[PDB]
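As a convention, Cβ positions derive from the backbone with ideal geometry for all residues, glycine included, and neighbour counts pool all protein chains shown. Read the figures in this text as sums done on the coordinates, not as results from a lab.
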Ligand SMILES: CC(C)ON(CC(=O)NO)S(=O)(=O)c1ccc(-c2ccccc2)cc1
Ligand SMILES: [Ca+2]
Ligand SMILES: [Ca+2]
Ligand SMILES: [Ca+2]
Ligand SMILES: [Zn+2]
Ligand SMILES: [Zn+2]
C-alpha cells in the first residue's frame with residue numbers, strides 16, 4: 001500500500017519548523033492555525049519529530065494558499081480537480097505545502113473540503129510519504145470526509161519506515 005519518493009527522501013533533523021505564510025478568507029485565522037496544528041499533531045505522535053510554528057521564510061515546511069500558477073511551475077486549476085500539493089523533504093520549496101484557495105475550505109460535514117483532513121494528507125507528503133494504494137488510508141489519493149481517526153496502519157507503517 002504505502003509508498004515513498006524515489007530516493008526515500010526524509011528530514012534529517014527532528015525539530016521541524018513550519019510557517020503559515022498566508023491565509024484563506026474561507027475560515028477565521030485562529031481556526032486555520034488550529035487546523036494545521038491538529039494535522040501536525042497526528043504525525044508528531046507517531047514519530048520522533050516535533051513541529052514548531054515559526055514566522056520565518058527559513059522554516060522547513062512553508063504553508064501557502066494560492067491560485068492557478070503560483071510560483072512553482074505546478075499550477076492549480078480553479079474549483080475542484082486539484083485541491084493541494086506538497087513536496088517531499090529537502091531544502092527550499094521541498095517540504096512545502098500549498099492549498100488551492102479556489103477551493104472552499106471548511107471543517108465538518110457540509111460544503112467544502114476539510115482543511116484539517118487535506119492538511120493531514122499534505123503533511124504526510126511533506127514528511128516523505130507517497131500515495132498509498134490502500135483505500136482506507138490517509139495517503140490514499142481520494143478525499144473523503146470522515147469524523148473518524150485519520151491514520152491507518154498503512155500510514156503509520158510508512159512513516160515508521162522513514163523515521164522509526
Ligand atoms: C490525485 C492527485 C493527482 O491529485 N492530488 C494532488 C495530491 O497528491 N495532493 O497531495 S489532489 O489535489 O487532487 C488530492 C487528492 C486527495 C487528497 C486527500 C486524500 C485523503 C485525505 C485528504 C485529502 C488531497 C489532494
Ligand atoms: Ca521547505
Ligand atoms: Ca482546484
Ligand atoms: Ca477559497
Ligand atoms: Zn504549489
Ligand atoms: Zn496527495
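Structure values in brief
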item	result
Stretch gain in nm, segment residue 23-residue 144, where the contour uses 0.36 nm per residue and the Cα spacing is subtracted	41.2 nm
Sites residue 85 and residue 111 - FRET efficiency at Förster radius 22 Å, r taken between beta-carbons, to 0.05	0.50
Pairwise Cα inverse-distance average, inverted: Kirkwood Rh of region 62-149 (Å)	13.4 Å
Helix-only CD estimate at 222 nm, as mean residue ellipticity for the chain, using -39500 (n - 2.57) per DSSP H run (n ≥ 4)	-8000 deg cm²/dmol
Candidates 14, 85, 125, ranked by Gaussian network fluctuation over the chain, Cα under 10 Å, top entry	14
Length released on extending from residue 153 to residue 93, taking residue separation times 0.36 nm less the Cα-Cα span	18.7 nm
Distance in nm between pseudo-label sites at residue 160 and residue 34 (7 Å out along the Cβ direction from Cα)	3.2 nm
Distant alpha-carbon pairs in region 36-113 (separation over 21 angstrom), percent	36 percent
Amide N of region 26-59 lying under 20 Å from the label point, which is placed 7 angstrom from the Cα of residue 12 along Cα→Cβ	48-50, 58-59
Principal axis dimensions, the chain - Cα atoms, whole angstrom, descending	37, 35, 29
